[PDB]
>>> print(open('coords.cif').read())   # mmCIF, N, CA and C atoms
data_final
#
loop_
_atom_site.label_atom_id
_atom_site.label_comp_id
_atom_site.auth_asym_id
_atom_site.auth_seq_id
_atom_site.Cartn_x
_atom_site.Cartn_y
_atom_site.Cartn_z
N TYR A 8 -23.43 -79.81 -40.99
CA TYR A 8 -23.40 -80.09 -42.46
C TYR A 8 -22.40 -79.17 -43.13
N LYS A 9 -21.12 -79.44 -42.87
CA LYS A 9 -20.01 -78.66 -43.43
C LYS A 9 -18.72 -79.08 -42.70
N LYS A 10 -18.65 -78.77 -41.41
CA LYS A 10 -17.50 -79.12 -40.57
C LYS A 10 -18.02 -79.98 -39.41
N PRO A 11 -17.14 -80.79 -38.78
CA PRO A 11 -17.56 -81.64 -37.66
C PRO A 11 -18.04 -80.79 -36.48
N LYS A 12 -18.92 -81.35 -35.66
CA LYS A 12 -19.44 -80.63 -34.50
C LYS A 12 -19.66 -81.51 -33.29
N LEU A 13 -20.00 -80.88 -32.18
CA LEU A 13 -20.31 -81.63 -30.98
C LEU A 13 -21.78 -81.38 -30.70
N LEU A 14 -22.48 -82.39 -30.21
CA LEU A 14 -23.89 -82.22 -29.88
C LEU A 14 -23.94 -82.25 -28.38
N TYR A 15 -24.12 -81.07 -27.81
CA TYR A 15 -24.18 -80.88 -26.37
C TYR A 15 -25.61 -80.96 -25.86
N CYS A 16 -25.86 -81.84 -24.89
CA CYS A 16 -27.20 -81.98 -24.34
C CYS A 16 -27.26 -81.13 -23.08
N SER A 17 -28.29 -80.31 -22.99
CA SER A 17 -28.48 -79.41 -21.86
C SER A 17 -28.97 -80.10 -20.58
N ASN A 18 -29.42 -81.33 -20.69
CA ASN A 18 -29.95 -82.06 -19.55
C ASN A 18 -28.87 -82.28 -18.48
N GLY A 19 -27.87 -83.08 -18.82
CA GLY A 19 -26.82 -83.34 -17.87
C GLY A 19 -25.54 -82.65 -18.26
N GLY A 20 -25.54 -82.05 -19.45
CA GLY A 20 -24.35 -81.38 -19.91
C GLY A 20 -23.39 -82.36 -20.57
N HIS A 21 -23.93 -83.41 -21.17
CA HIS A 21 -23.09 -84.39 -21.83
C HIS A 21 -23.08 -84.18 -23.34
N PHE A 22 -22.01 -84.65 -23.97
CA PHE A 22 -21.86 -84.59 -25.41
C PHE A 22 -22.27 -85.97 -25.92
N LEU A 23 -23.07 -85.97 -26.99
CA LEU A 23 -23.55 -87.19 -27.62
C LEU A 23 -22.34 -88.00 -28.09
N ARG A 24 -22.32 -89.29 -27.76
CA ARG A 24 -21.19 -90.14 -28.13
C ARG A 24 -21.58 -91.47 -28.72
N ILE A 25 -20.89 -91.87 -29.78
CA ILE A 25 -21.14 -93.16 -30.40
C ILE A 25 -19.86 -93.99 -30.26
N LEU A 26 -19.90 -95.02 -29.41
CA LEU A 26 -18.73 -95.86 -29.18
C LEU A 26 -18.45 -96.91 -30.26
N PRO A 27 -17.18 -97.35 -30.38
CA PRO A 27 -16.88 -98.35 -31.40
C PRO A 27 -17.76 -99.59 -31.34
N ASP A 28 -18.29 -99.93 -30.16
CA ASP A 28 -19.15 -101.11 -30.10
C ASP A 28 -20.58 -100.79 -30.55
N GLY A 29 -20.79 -99.58 -31.06
CA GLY A 29 -22.11 -99.23 -31.55
C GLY A 29 -23.08 -98.73 -30.50
N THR A 30 -22.64 -98.65 -29.25
CA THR A 30 -23.51 -98.15 -28.21
C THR A 30 -23.49 -96.62 -28.30
N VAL A 31 -24.54 -95.98 -27.80
CA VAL A 31 -24.67 -94.54 -27.84
C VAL A 31 -25.01 -94.04 -26.45
N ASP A 32 -24.37 -92.95 -26.04
CA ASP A 32 -24.62 -92.37 -24.74
C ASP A 32 -24.04 -90.97 -24.72
N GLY A 33 -23.87 -90.41 -23.54
CA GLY A 33 -23.33 -89.07 -23.41
C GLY A 33 -22.16 -89.03 -22.45
N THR A 34 -21.23 -88.11 -22.66
CA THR A 34 -20.05 -87.97 -21.81
C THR A 34 -19.82 -86.49 -21.53
N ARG A 35 -19.24 -86.19 -20.36
CA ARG A 35 -18.95 -84.81 -19.98
C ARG A 35 -17.53 -84.44 -20.36
N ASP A 36 -16.77 -85.45 -20.78
CA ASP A 36 -15.39 -85.25 -21.17
C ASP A 36 -15.24 -84.78 -22.61
N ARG A 37 -14.77 -83.54 -22.78
CA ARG A 37 -14.62 -82.95 -24.10
C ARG A 37 -13.44 -83.50 -24.88
N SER A 38 -12.59 -84.30 -24.25
CA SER A 38 -11.43 -84.84 -24.95
C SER A 38 -11.72 -86.21 -25.58
N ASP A 39 -12.92 -86.71 -25.35
CA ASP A 39 -13.35 -88.01 -25.87
C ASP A 39 -13.22 -88.05 -27.39
N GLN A 40 -12.62 -89.12 -27.90
CA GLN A 40 -12.41 -89.28 -29.33
C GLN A 40 -13.66 -89.64 -30.11
N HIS A 41 -14.73 -90.00 -29.41
CA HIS A 41 -15.95 -90.42 -30.08
C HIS A 41 -17.14 -89.47 -30.01
N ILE A 42 -16.89 -88.20 -29.71
CA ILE A 42 -17.97 -87.23 -29.63
C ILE A 42 -17.99 -86.23 -30.78
N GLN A 43 -17.06 -86.38 -31.71
CA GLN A 43 -16.98 -85.49 -32.86
C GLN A 43 -17.90 -86.08 -33.91
N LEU A 44 -18.95 -85.35 -34.23
CA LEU A 44 -19.95 -85.82 -35.18
C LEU A 44 -19.96 -85.00 -36.45
N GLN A 45 -20.21 -85.66 -37.56
CA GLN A 45 -20.28 -84.97 -38.84
C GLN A 45 -21.73 -85.08 -39.27
N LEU A 46 -22.40 -83.95 -39.38
CA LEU A 46 -23.78 -83.99 -39.82
C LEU A 46 -23.83 -83.73 -41.32
N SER A 47 -24.69 -84.45 -42.01
CA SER A 47 -24.84 -84.25 -43.44
C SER A 47 -26.33 -84.18 -43.68
N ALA A 48 -26.75 -83.18 -44.44
CA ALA A 48 -28.15 -82.97 -44.74
C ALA A 48 -28.57 -83.75 -45.98
N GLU A 49 -29.52 -84.66 -45.82
CA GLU A 49 -30.00 -85.43 -46.95
C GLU A 49 -30.97 -84.54 -47.72
N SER A 50 -32.02 -84.09 -47.03
CA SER A 50 -33.02 -83.21 -47.62
C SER A 50 -33.24 -82.07 -46.64
N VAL A 51 -34.15 -81.16 -46.96
CA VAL A 51 -34.42 -80.06 -46.05
C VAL A 51 -34.91 -80.57 -44.69
N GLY A 52 -34.14 -80.30 -43.64
CA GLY A 52 -34.53 -80.73 -42.30
C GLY A 52 -34.23 -82.18 -41.98
N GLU A 53 -33.71 -82.93 -42.94
CA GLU A 53 -33.34 -84.33 -42.76
C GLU A 53 -31.83 -84.42 -42.71
N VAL A 54 -31.29 -85.06 -41.66
CA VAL A 54 -29.85 -85.16 -41.50
C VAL A 54 -29.34 -86.52 -41.01
N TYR A 55 -28.09 -86.80 -41.35
CA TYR A 55 -27.42 -88.02 -40.91
C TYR A 55 -26.49 -87.47 -39.84
N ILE A 56 -26.21 -88.26 -38.82
CA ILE A 56 -25.30 -87.83 -37.76
C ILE A 56 -24.27 -88.96 -37.69
N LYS A 57 -23.04 -88.69 -38.16
CA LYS A 57 -22.01 -89.73 -38.20
C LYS A 57 -20.79 -89.48 -37.29
N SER A 58 -20.32 -90.53 -36.62
CA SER A 58 -19.14 -90.44 -35.75
C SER A 58 -17.94 -90.30 -36.69
N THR A 59 -17.14 -89.26 -36.51
CA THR A 59 -16.00 -89.10 -37.41
C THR A 59 -14.94 -90.14 -37.11
N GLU A 60 -14.80 -90.51 -35.84
CA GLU A 60 -13.79 -91.48 -35.43
C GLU A 60 -14.00 -92.91 -35.94
N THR A 61 -15.24 -93.39 -35.98
CA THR A 61 -15.53 -94.76 -36.44
C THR A 61 -16.38 -94.84 -37.72
N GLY A 62 -16.94 -93.71 -38.13
CA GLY A 62 -17.77 -93.70 -39.32
C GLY A 62 -19.14 -94.32 -39.08
N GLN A 63 -19.49 -94.56 -37.82
CA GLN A 63 -20.80 -95.13 -37.52
C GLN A 63 -21.89 -94.04 -37.49
N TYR A 64 -23.06 -94.38 -38.01
CA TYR A 64 -24.18 -93.45 -38.07
C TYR A 64 -25.18 -93.61 -36.93
N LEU A 65 -25.59 -92.51 -36.30
CA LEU A 65 -26.60 -92.58 -35.25
C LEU A 65 -27.85 -93.17 -35.91
N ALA A 66 -28.58 -93.99 -35.16
CA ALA A 66 -29.78 -94.62 -35.65
C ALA A 66 -30.66 -95.03 -34.48
N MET A 67 -31.95 -95.17 -34.76
CA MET A 67 -32.91 -95.61 -33.75
C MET A 67 -33.71 -96.75 -34.36
N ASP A 68 -33.81 -97.86 -33.64
CA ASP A 68 -34.52 -99.00 -34.16
C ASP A 68 -36.00 -99.02 -33.80
N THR A 69 -36.70 -100.10 -34.14
CA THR A 69 -38.14 -100.19 -33.89
C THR A 69 -38.53 -100.31 -32.43
N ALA A 70 -37.57 -100.65 -31.59
CA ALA A 70 -37.82 -100.77 -30.18
C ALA A 70 -37.62 -99.41 -29.52
N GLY A 71 -37.22 -98.41 -30.30
CA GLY A 71 -37.02 -97.07 -29.77
C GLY A 71 -35.62 -96.85 -29.21
N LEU A 72 -34.72 -97.79 -29.47
CA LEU A 72 -33.35 -97.71 -28.97
C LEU A 72 -32.35 -97.09 -29.96
N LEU A 73 -31.44 -96.26 -29.44
CA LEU A 73 -30.41 -95.65 -30.27
C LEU A 73 -29.25 -96.64 -30.39
N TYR A 74 -28.61 -96.66 -31.55
CA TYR A 74 -27.46 -97.53 -31.78
C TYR A 74 -26.56 -96.91 -32.84
N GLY A 75 -25.35 -97.44 -32.97
CA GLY A 75 -24.41 -96.92 -33.94
C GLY A 75 -24.36 -97.89 -35.09
N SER A 76 -24.77 -97.44 -36.27
CA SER A 76 -24.80 -98.28 -37.47
C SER A 76 -23.59 -98.09 -38.39
N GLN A 77 -22.87 -99.17 -38.69
CA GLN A 77 -21.70 -99.08 -39.56
C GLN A 77 -22.06 -98.59 -40.96
N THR A 78 -23.29 -98.82 -41.37
CA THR A 78 -23.71 -98.40 -42.69
C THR A 78 -24.99 -97.57 -42.59
N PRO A 79 -25.07 -96.46 -43.35
CA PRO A 79 -26.27 -95.63 -43.30
C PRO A 79 -27.49 -96.38 -43.84
N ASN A 80 -28.66 -96.08 -43.27
CA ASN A 80 -29.90 -96.71 -43.70
C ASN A 80 -31.09 -95.88 -43.25
N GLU A 81 -32.28 -96.37 -43.55
CA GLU A 81 -33.54 -95.71 -43.23
C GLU A 81 -33.69 -95.30 -41.76
N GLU A 82 -33.04 -96.02 -40.85
CA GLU A 82 -33.15 -95.70 -39.42
C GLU A 82 -32.16 -94.66 -38.94
N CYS A 83 -31.29 -94.23 -39.85
CA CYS A 83 -30.26 -93.24 -39.57
C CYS A 83 -30.63 -91.78 -39.85
N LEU A 84 -31.78 -91.56 -40.48
CA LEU A 84 -32.20 -90.20 -40.79
C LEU A 84 -33.02 -89.53 -39.69
N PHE A 85 -32.61 -88.32 -39.30
CA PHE A 85 -33.31 -87.57 -38.28
C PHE A 85 -33.78 -86.23 -38.77
N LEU A 86 -34.87 -85.77 -38.19
CA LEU A 86 -35.45 -84.47 -38.52
C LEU A 86 -34.87 -83.47 -37.53
N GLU A 87 -34.07 -82.54 -38.06
CA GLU A 87 -33.42 -81.53 -37.24
C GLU A 87 -34.26 -80.27 -37.17
N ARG A 88 -34.70 -79.92 -35.97
CA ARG A 88 -35.52 -78.73 -35.75
C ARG A 88 -34.83 -77.74 -34.83
N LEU A 89 -34.99 -76.47 -35.14
CA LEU A 89 -34.36 -75.43 -34.34
C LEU A 89 -35.39 -74.84 -33.39
N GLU A 90 -35.16 -75.02 -32.09
CA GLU A 90 -36.07 -74.51 -31.07
C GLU A 90 -35.84 -73.01 -30.81
N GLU A 91 -36.92 -72.34 -30.43
CA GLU A 91 -36.86 -70.91 -30.15
C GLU A 91 -35.77 -70.54 -29.14
N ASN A 92 -35.58 -71.38 -28.12
CA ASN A 92 -34.56 -71.14 -27.10
C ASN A 92 -33.14 -71.22 -27.65
N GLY A 93 -33.00 -71.76 -28.86
CA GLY A 93 -31.68 -71.84 -29.46
C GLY A 93 -31.14 -73.24 -29.61
N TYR A 94 -31.78 -74.19 -28.94
CA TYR A 94 -31.36 -75.58 -29.00
C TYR A 94 -32.05 -76.28 -30.17
N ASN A 95 -31.46 -77.38 -30.63
CA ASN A 95 -32.04 -78.17 -31.71
C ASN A 95 -32.61 -79.46 -31.10
N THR A 96 -33.57 -80.05 -31.80
CA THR A 96 -34.15 -81.33 -31.40
C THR A 96 -34.01 -82.20 -32.64
N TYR A 97 -33.86 -83.50 -32.43
CA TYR A 97 -33.69 -84.48 -33.51
C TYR A 97 -34.72 -85.58 -33.36
N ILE A 98 -35.64 -85.65 -34.32
CA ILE A 98 -36.70 -86.65 -34.33
C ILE A 98 -36.42 -87.71 -35.37
N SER A 99 -36.71 -88.96 -35.01
CA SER A 99 -36.53 -90.11 -35.90
C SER A 99 -37.41 -89.92 -37.14
N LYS A 100 -36.85 -90.03 -38.34
CA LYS A 100 -37.69 -89.84 -39.51
C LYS A 100 -38.66 -91.01 -39.63
N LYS A 101 -38.11 -92.22 -39.59
CA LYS A 101 -38.89 -93.44 -39.69
C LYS A 101 -40.04 -93.50 -38.71
N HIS A 102 -39.89 -92.87 -37.55
CA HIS A 102 -40.95 -92.90 -36.55
C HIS A 102 -41.39 -91.49 -36.21
N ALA A 103 -41.21 -90.57 -37.16
CA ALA A 103 -41.58 -89.17 -36.93
C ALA A 103 -42.98 -89.03 -36.37
N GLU A 104 -43.89 -89.83 -36.91
CA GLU A 104 -45.30 -89.85 -36.51
C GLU A 104 -45.44 -90.03 -35.00
N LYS A 105 -44.59 -90.88 -34.43
CA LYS A 105 -44.64 -91.18 -33.01
C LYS A 105 -43.91 -90.17 -32.15
N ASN A 106 -43.21 -89.24 -32.79
CA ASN A 106 -42.46 -88.22 -32.06
C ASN A 106 -41.36 -88.84 -31.19
N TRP A 107 -40.58 -89.73 -31.80
CA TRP A 107 -39.48 -90.38 -31.10
C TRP A 107 -38.24 -89.50 -31.22
N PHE A 108 -37.88 -88.84 -30.12
CA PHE A 108 -36.73 -87.92 -30.05
C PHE A 108 -35.42 -88.58 -29.59
N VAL A 109 -34.30 -88.00 -30.05
CA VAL A 109 -32.96 -88.40 -29.63
C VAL A 109 -32.83 -87.69 -28.28
N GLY A 110 -32.40 -88.39 -27.23
CA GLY A 110 -32.25 -87.74 -25.93
C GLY A 110 -31.31 -88.44 -24.96
N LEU A 111 -30.67 -87.68 -24.07
CA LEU A 111 -29.73 -88.20 -23.06
C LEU A 111 -30.23 -87.89 -21.65
N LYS A 112 -30.27 -88.91 -20.80
CA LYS A 112 -30.73 -88.74 -19.43
C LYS A 112 -29.68 -87.97 -18.65
N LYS A 113 -30.10 -87.38 -17.55
CA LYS A 113 -29.21 -86.60 -16.71
C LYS A 113 -27.97 -87.39 -16.32
N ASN A 114 -28.10 -88.71 -16.25
CA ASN A 114 -26.96 -89.54 -15.90
C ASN A 114 -26.11 -89.84 -17.13
N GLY A 115 -26.50 -89.30 -18.28
CA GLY A 115 -25.75 -89.52 -19.50
C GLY A 115 -26.14 -90.71 -20.37
N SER A 116 -27.10 -91.52 -19.91
CA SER A 116 -27.58 -92.69 -20.66
C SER A 116 -28.61 -92.21 -21.70
N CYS A 117 -28.80 -92.97 -22.77
CA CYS A 117 -29.74 -92.54 -23.81
C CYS A 117 -31.19 -92.86 -23.50
N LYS A 118 -32.10 -91.96 -23.88
CA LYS A 118 -33.51 -92.20 -23.64
C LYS A 118 -34.07 -93.04 -24.78
N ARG A 119 -35.12 -93.80 -24.47
CA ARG A 119 -35.80 -94.66 -25.43
C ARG A 119 -36.95 -93.87 -26.09
N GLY A 120 -37.06 -93.97 -27.40
CA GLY A 120 -38.09 -93.25 -28.14
C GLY A 120 -39.42 -92.90 -27.47
N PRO A 121 -40.28 -93.88 -27.15
CA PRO A 121 -41.56 -93.53 -26.52
C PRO A 121 -41.48 -92.86 -25.16
N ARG A 122 -40.28 -92.76 -24.61
CA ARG A 122 -40.15 -92.12 -23.33
C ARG A 122 -39.63 -90.69 -23.48
N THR A 123 -39.62 -90.19 -24.71
CA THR A 123 -39.21 -88.80 -24.95
C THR A 123 -40.46 -88.00 -25.35
N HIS A 124 -40.40 -86.69 -25.18
CA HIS A 124 -41.49 -85.79 -25.58
C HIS A 124 -41.03 -84.34 -25.44
N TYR A 125 -41.65 -83.45 -26.21
CA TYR A 125 -41.31 -82.03 -26.15
C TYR A 125 -41.53 -81.58 -24.73
N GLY A 126 -40.53 -80.97 -24.13
CA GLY A 126 -40.70 -80.52 -22.77
C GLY A 126 -39.53 -80.93 -21.95
N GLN A 127 -38.96 -82.09 -22.29
CA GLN A 127 -37.80 -82.57 -21.55
C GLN A 127 -36.55 -81.83 -22.00
N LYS A 128 -35.62 -81.65 -21.08
CA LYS A 128 -34.39 -80.99 -21.44
C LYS A 128 -33.50 -82.04 -22.11
N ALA A 129 -33.86 -83.31 -21.91
CA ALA A 129 -33.08 -84.41 -22.50
C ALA A 129 -33.03 -84.38 -24.03
N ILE A 130 -34.06 -83.82 -24.66
CA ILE A 130 -34.11 -83.76 -26.12
C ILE A 130 -33.49 -82.51 -26.77
N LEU A 131 -32.95 -81.61 -25.97
CA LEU A 131 -32.37 -80.37 -26.48
C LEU A 131 -30.88 -80.43 -26.63
N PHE A 132 -30.43 -80.29 -27.87
CA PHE A 132 -29.00 -80.33 -28.18
C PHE A 132 -28.45 -79.06 -28.81
N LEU A 133 -27.27 -78.68 -28.36
CA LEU A 133 -26.61 -77.50 -28.88
C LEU A 133 -25.43 -77.92 -29.76
N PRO A 134 -25.53 -77.69 -31.07
CA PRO A 134 -24.39 -78.07 -31.92
C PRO A 134 -23.26 -77.08 -31.59
N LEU A 135 -22.07 -77.60 -31.35
CA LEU A 135 -20.93 -76.76 -31.00
C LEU A 135 -19.74 -77.03 -31.93
N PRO A 136 -19.07 -75.98 -32.40
CA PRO A 136 -17.93 -76.15 -33.30
C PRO A 136 -16.86 -76.98 -32.62
N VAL A 137 -16.16 -77.81 -33.40
CA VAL A 137 -15.08 -78.64 -32.87
C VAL A 137 -13.84 -77.76 -32.82
N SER A 138 -13.70 -76.91 -33.84
CA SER A 138 -12.56 -76.00 -33.94
C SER A 138 -13.04 -74.55 -34.16
#
>>> encode(input="coords.cif", output="structure tokens")
Amino acid sequence: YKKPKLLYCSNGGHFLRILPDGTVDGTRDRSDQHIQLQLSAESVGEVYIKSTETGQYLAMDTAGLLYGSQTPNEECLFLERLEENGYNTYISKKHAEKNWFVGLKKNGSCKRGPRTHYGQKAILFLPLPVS
């Protein structure tokens, strides 16, 4: 919420990526044009995560799937929490009650909401400066 950043997942070591086709996943390549994210804080602990390259917003739908939304909406807001270990976790606001976390599998694919939970390394992200 100031300058663009990278969201590094400690699980497989991938950077969160939102592709032009709206798909979301992780990549180990730091030169990727779609891993630079701009976070903006809506309210305290509530944030939007937007791809700087395409302007698409991270979002999670009712099926628990992550997608890239061309326009911000209710499914684009995440609860950003700072873990004691130093990593952050991002919970779906719309489904906060269900504890649906943003997460990347060791193979770099995105996890589905009900299959995430506190304890997995898949849900831990390290925001890293782009510059």
>>> closest_residue(input="coords.cif", among="A:27, A:33, A:75, A:11", to="residue 112 in chain A", atoms="only N, CA and C atoms")
A:33
>>> atom_distance(input="coords.cif", atom1="CA of residue 43 in chain A", atom2="atom N of residue 65 in chain A")
11.6 Å
>>> residues_near_point(input="coords.cif", point="(-16.3, -82.1, -26.2)", cutoff="8 Å", atoms="all atoms listed in the file", output="list in words")
residues 12, 13, 14, 15, 21, 22, 23, 34, 35, 36, 37, 38, 39, 42, 43 and 137 of chain A
>>> atom_distance(input="coords.cif", atom1="CA of residue 30 in chain A", atom2="CA of residue 108 in chain A")
16.8 Å
>>> closest_residue(input="coords.cif", among="A:134, A:52, A:20, A:120", to="residue 93 in chain A", atoms="only N, CA and C atoms")
A:134
>>> resolve_selection(input="coords.cif", expression="the PyMOL selection byres ((chain A and resi 56) around 5)", output="list in words")
residues 45, 46, 54, 55, 57, 58, 64 and 65 of chain A
>>> select_by_dssp(input="coords.cif", residues="range 18-134 of chain A", states="helix (DSSP H, G or I)", output="list in words")
residues 81, 82, 83, 103, 104, 105, 120, 121, 122, 128, 129 and 130 of chain A
>>> atom_distance(input="coords.cif", atom1="atom N of residue 117 in chain A", atom2="CA of residue 72 in chain A")
9.0 Å
>>> closest_residue(input="coords.cif", among="A:102, A:71, A:91, A:138", to="residue 119 in chain A", atoms="only N, CA and C atoms")
A:71
>>> select_by_dssp(input="coords.cif", residues="range 8-128 of chain A", states="strand (DSSP E)", output="PyMOL selection string")
chain A and resi 12-16+22-25+31-34+44-50+53-58+64-67+73-76+85-89+95-99
>>> closest_residue(input="coords.cif", among="A:29, A:89, A:114, A:100", to="residue 41 in chain A", atoms="only C-alpha atoms")
A:29
>>> closest_residue(input="coords.cif", among="A:103, A:31, A:51, A:86", to="residue 63 in chain A", atoms="only C-alpha atoms")
A:31
>>> closest_residue(input="coords.cif", among="A:19, A:79, A:110, A:62", to="residue 130 in chain A", atoms="only N, CA and C atoms")
A:110
>>> residues_near_point(input="coords.cif", point="(-27.0, -76.6, -29.8)", cutoff="6 Å", atoms="only C-alpha atoms", output="VMD selection string")
chain A and resid 94 to 95 132 to 134
>>> residues_around(input="coords.cif", residues="residue 66 in chain A", least_positions_apart="2", cutoff="7 Å", atoms="all atoms listed in the file", output="MDAnalysis selection string")
chainID A and resid 64 68 72:76 82:84
>>> build_atoms(input="coords.cif", residues="range 77-96 of chain A", atoms="N, CA, C and O atoms", output="mmCIF file, keeping the file's coordinate frame")
data_model
loop_
_atom_site.group_PDB
_atom_site.id
_atom_site.type_symbol
_atom_site.label_atom_id
_atom_site.label_comp_id
_atom_site.auth_asym_id
_atom_site.auth_seq_id
_atom_site.Cartn_x
_atom_site.Cartn_y
_atom_site.Cartn_z
ATOM 1 N N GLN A 77 -22.870 -99.170 -38.690
ATOM 2 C CA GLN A 77 -21.700 -99.080 -39.560
ATOM 3 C C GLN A 77 -22.060 -98.590 -40.960
ATOM 4 O O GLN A 77 -21.222 -98.015 -41.660
ATOM 5 N N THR A 78 -23.290 -98.820 -41.370
ATOM 6 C CA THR A 78 -23.710 -98.400 -42.690
ATOM 7 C C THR A 78 -24.990 -97.570 -42.590
ATOM 8 O O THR A 78 -25.900 -97.891 -41.834
ATOM 9 N N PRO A 79 -25.070 -96.460 -43.350
ATOM 10 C CA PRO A 79 -26.270 -95.630 -43.300
ATOM 11 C C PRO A 79 -27.490 -96.380 -43.840
ATOM 12 O O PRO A 79 -27.365 -97.224 -44.723
ATOM 13 N N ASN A 80 -28.660 -96.080 -43.270
ATOM 14 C CA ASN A 80 -29.900 -96.710 -43.700
ATOM 15 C C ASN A 80 -31.090 -95.880 -43.250
ATOM 16 O O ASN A 80 -30.931 -94.828 -42.617
ATOM 17 N N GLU A 81 -32.280 -96.370 -43.550
ATOM 18 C CA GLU A 81 -33.540 -95.710 -43.230
ATOM 19 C C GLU A 81 -33.690 -95.300 -41.760
ATOM 20 O O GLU A 81 -34.395 -94.331 -41.466
ATOM 21 N N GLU A 82 -33.040 -96.020 -40.850
ATOM 22 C CA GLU A 82 -33.150 -95.700 -39.420
ATOM 23 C C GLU A 82 -32.160 -94.660 -38.940
ATOM 24 O O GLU A 82 -32.210 -94.237 -37.777
ATOM 25 N N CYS A 83 -31.290 -94.230 -39.850
ATOM 26 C CA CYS A 83 -30.260 -93.240 -39.570
ATOM 27 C C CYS A 83 -30.630 -91.780 -39.850
ATOM 28 O O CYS A 83 -29.877 -90.858 -39.502
ATOM 29 N N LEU A 84 -31.780 -91.560 -40.480
ATOM 30 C CA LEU A 84 -32.200 -90.200 -40.790
ATOM 31 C C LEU A 84 -33.020 -89.530 -39.690
ATOM 32 O O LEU A 84 -34.000 -90.089 -39.206
ATOM 33 N N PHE A 85 -32.610 -88.320 -39.300
ATOM 34 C CA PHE A 85 -33.310 -87.570 -38.280
ATOM 35 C C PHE A 85 -33.780 -86.230 -38.770
ATOM 36 O O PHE A 85 -33.173 -85.647 -39.677
ATOM 37 N N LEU A 86 -34.870 -85.770 -38.190
ATOM 38 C CA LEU A 86 -35.450 -84.470 -38.520
ATOM 39 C C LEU A 86 -34.870 -83.470 -37.530
ATOM 40 O O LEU A 86 -35.133 -83.541 -36.331
ATOM 41 N N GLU A 87 -34.070 -82.540 -38.060
ATOM 42 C CA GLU A 87 -33.420 -81.530 -37.240
ATOM 43 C C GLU A 87 -34.260 -80.270 -37.170
ATOM 44 O O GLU A 87 -34.505 -79.638 -38.197
ATOM 45 N N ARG A 88 -34.700 -79.920 -35.970
ATOM 46 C CA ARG A 88 -35.520 -78.730 -35.750
ATOM 47 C C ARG A 88 -34.830 -77.740 -34.830
ATOM 48 O O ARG A 88 -34.166 -78.120 -33.866
ATOM 49 N N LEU A 89 -34.990 -76.470 -35.140
ATOM 50 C CA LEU A 89 -34.360 -75.430 -34.340
ATOM 51 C C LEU A 89 -35.390 -74.840 -33.390
ATOM 52 O O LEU A 89 -36.373 -74.242 -33.820
ATOM 53 N N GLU A 90 -35.160 -75.020 -32.090
ATOM 54 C CA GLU A 90 -36.070 -74.510 -31.070
ATOM 55 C C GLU A 90 -35.840 -73.010 -30.810
ATOM 56 O O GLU A 90 -34.737 -72.495 -30.954
ATOM 57 N N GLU A 91 -36.920 -72.340 -30.430
ATOM 58 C CA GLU A 91 -36.860 -70.910 -30.150
ATOM 59 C C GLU A 91 -35.770 -70.540 -29.140
ATOM 60 O O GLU A 91 -35.094 -69.521 -29.292
ATOM 61 N N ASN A 92 -35.580 -71.380 -28.120
ATOM 62 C CA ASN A 92 -34.560 -71.140 -27.100
ATOM 63 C C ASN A 92 -33.140 -71.220 -27.650
ATOM 64 O O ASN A 92 -32.192 -70.803 -26.996
ATOM 65 N N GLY A 93 -33.000 -71.760 -28.860
ATOM 66 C CA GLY A 93 -31.680 -71.840 -29.460
ATOM 67 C C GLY A 93 -31.140 -73.240 -29.610
ATOM 68 O O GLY A 93 -30.147 -73.475 -30.305
ATOM 69 N N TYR A 94 -31.780 -74.190 -28.940
ATOM 70 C CA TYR A 94 -31.360 -75.580 -29.000
ATOM 71 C C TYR A 94 -32.050 -76.280 -30.170
ATOM 72 O O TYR A 94 -33.083 -75.823 -30.637
ATOM 73 N N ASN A 95 -31.460 -77.380 -30.630
ATOM 74 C CA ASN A 95 -32.040 -78.170 -31.710
ATOM 75 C C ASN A 95 -32.610 -79.460 -31.100
ATOM 76 O O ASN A 95 -32.193 -79.891 -30.013
ATOM 77 N N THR A 96 -33.570 -80.050 -31.800
ATOM 78 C CA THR A 96 -34.150 -81.330 -31.400
ATOM 79 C C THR A 96 -34.010 -82.200 -32.640
ATOM 80 O O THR A 96 -34.032 -81.680 -33.776
#
